[PDB]
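**Q** Chains as they are written, first to last, in our numbering: chain Z, 1 to 128; chain U, 1 to 126.
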Ligand code: FES
Ligand code: FES
Ligand SMILES: [K+]
Ligand SMILES: [K+]
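(1) Under a three-way DSSP split, which group does residue 4 of chain U fall into?
(2) Around the C-beta of residue 13 of chain Z, are 16 or more other C-beta atoms found within 10 angstroms, so that it is buried, or is it exposed?
(3) Give the C-beta separation of residue 84 of chain U and residue 73 of chain U to the nearest angstrom, bearing in mind that I take them to be a contact with Cβ-Cβ under 8 Å.
(4) Quick one, which residues of the stretch 59–86 of chain U are near chain Z if we go by CB-CB under 9 Å, in chain order?
(5) With a cut-off of 8 Å, does the C-beta of residue 23 of chain Z fall near any C-beta of chain U?
(6) Measuring only the C-alpha atoms, how far is residue 108 of chain U from residue 46 of chain Z?
(7) Below 8 Å, how does it come out for the stretch 116–124 of chain U and the stretch 52–64 of chain Z: are there three or more Cβ pairs, yes or no?
(8) Can you confirm whether residue 117 of chain Z, when its beta carbon is compared against all beta carbons of chain U, has any partner nearer than 8 Å?
(9) What residues in its chain sit with their C-beta under 8 Å from that of residue 23 of chain Z, if we drop five residues either side in the sequence?
(10) Count the CB pairs spanning the stretch 62–71 of chain U and the stretch 33–43 of chain U that are closer than 8 Å, and state whether there are at least three.
(11) Quick check: is any heavy atom of ligand 4 less than 7 Å from the C-beta of residue 53 of chain U?
(12) Can you tell me whether residue 129 of chain U is buried or exposed, with buried defined as 16 or more other CB within 10 angstroms of its CB?
(13) Just how far apart, CA to CA, sit residue 123 of chain U and residue 102 of chain Z?
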């Protein structure tokens, strides 16, 4: 089976070009080529995190396998979910993906300006 | 067996009992507490779904957070200064009758899905 080219736009805004085998997941591509993306693929592709979140080009997105309920559950928890988002670890390379660009979106940690004040209730100590 | 109170996302209190040494994920799971989606990664420090909020005094004396826990706790939605990952917090006799809260998920917070863009341009400057 042949190899194809995939471009990644990093959170940094830097473009990484790499080559992946047809049939490999985009997570596999990130890992097997040791790309500079921090935090990506925490659950190691077992549909238990949202860290493999990627954004796809219009015409690639349109052609992706229908999203399973399982994926959708975890995709709902992706930070900054878009109408071109999928979990990269469920998306397998096809020949028609050659020279596509996917973007790695920012995490909740990148956007967070402050840590909230934690609280178990609004209840006044006097009452409690 | 010690008693823990969970304040659910609905605002409702669930009271349940856990063995010493069990994690709070353990407790949630073993007693089938209706908490949607809590502990996806089954306690392998690979999600943020076991996020819980603790009382001041309990929080302070919890086991020192590890880097592994902290990397994932950074990815929790609505991180608080009283937040930890429940799958890493084990019951002690001293925790009997404490209260924790389950914070809302990003999906609960969400009012709409955004427009996806691989990238932007301001061709006003071509
Ligand atoms: S790696 Fe965890 S869901 Fe894709
Ligand atoms: S259960 Fe996934 S990290 Fe706690
Ligand atoms: K905040
Ligand atoms: K939105």
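Every residue, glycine too, gets a C-beta built ideally from N, C-alpha and C.
**A** On the basis of the supplied data:
(1) DSSP places residue 4 of chain U in strand when its eight states are reduced to three.
(2) Around the beta carbon of residue 13 of chain Z, fewer than 16 other beta carbons lie within 10 angstroms, which makes this residue exposed.
(3) Contact between residue 84 of chain U and residue 73 of chain U is confirmed by a C-beta separation of about 7 Å, below the 8 Å threshold.
(4) Contact residues of the stretch 59–86 of chain U toward chain Z are 59, 71, 72, 74, 75, 76, 77, 78, 79, 80, 81, 82 and 83 (C-beta to C-beta distance below 9 Å).
(5) Judged by the 8 Å Cβ criterion, residue 23 of chain Z is not in contact with chain U.
(6) When rounded, the distance between both Cα atoms is 23 Å.
(7) Yes, they touch.
(8) Using a CB distance cut-off of 8 Å, residue 117 of chain Z counts as an interface residue toward chain U.
(9) Its chain contains 1, 92 and 93 as the residues whose beta carbon lies nearer than 8 Å to that of residue 23 of chain Z, once the 5 sequence neighbours on both sides are disregarded; these appear in chain order.
(10) Touching, no, given that fewer than three Cβ pairs across the two stretches are closer than 8 Å.
(11) Not under cutoff, so the answer is no.
(12) The shown model of chain U, from 1 to 126, leaves out residue 129 of chain U, and the question about it has no answer.
(13) For residue 123 of chain U and residue 102 of chain Z, the distance between alpha carbons rounds to 22 Å.
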